[PDB]
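Student: Experimental structure and sequence below, a few questions after.
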Protein chains: 2
Amino acid sequence: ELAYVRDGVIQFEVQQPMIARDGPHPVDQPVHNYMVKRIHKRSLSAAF
Amino acid sequence: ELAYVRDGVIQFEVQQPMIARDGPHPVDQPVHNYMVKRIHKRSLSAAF
């Protein structure tokens, strides 16, 4: 039942490993950066 | 409890061998040594 779906997006969330910094620093913030992955779709046919 | 500590210090004492000689050369007597150290304080910090 691959054809009834209009569009498909498979989100695989990962966050980068951040390194802590030492010294007089403006301190760093992490982000929940979201990974969009919209799926494509095709079909192949043959006739006789 | 580091924030309760001011200045970490260390000491060292070394003694080194000698050699017996002859001749008009000057006299000789053993040695003692004392080297004393400080520390370096820093901070790994983060944010979110």
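Tutor: Noted; the coordinates are in hand. Numbering: from 1, shown residues only, chains lettered A, B, ... in the order given.
Student: ok, for residue A:41, nearest residue in space, not its chain neighbours?
Tutor: Using CB to CB, 6 or more residues apart in numbering or on different chains and skipping the chain neighbours, the partner closest in space to residue A:41 is residue A:2 (6.8 Å). C-beta coordinates here come from the backbone N, C-alpha and C atoms, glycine included.
Student: Look at that neighbour and say how many residues are nearby.
Tutor: Residue A:2: 8 surrounding residues under other CB atoms under 10 Å in any protein chain shown.
Student: got the contact list for the residue most central in space within chain A?
Tutor: When CA atoms, centre = their mean is applied to chain A, the residue found nearest the centroid is residue A:35 (2.5 Å). Contacts for residue A:35 were tallied using CB atoms under 8 Å, 6 or more residues apart in numbering or on different chains; they are A:11-14.
Student: Look at the residue nearest to residue A:41 and give its secondary structure.
Tutor: coil (DSSP: H, G, I helix; E, B strand; the rest coil).
Student: The closest residue to residue A:23 other than its chain neighbours: neighbouring residues, count only.
Tutor: Distances taken as CB to CB, 6+ apart put residue B:42 closest to residue A:23, at 6.7 Å, once the chain neighbours are dropped. Residues within reach of residue B:42, counting by other CB under 10 Å, total 8.
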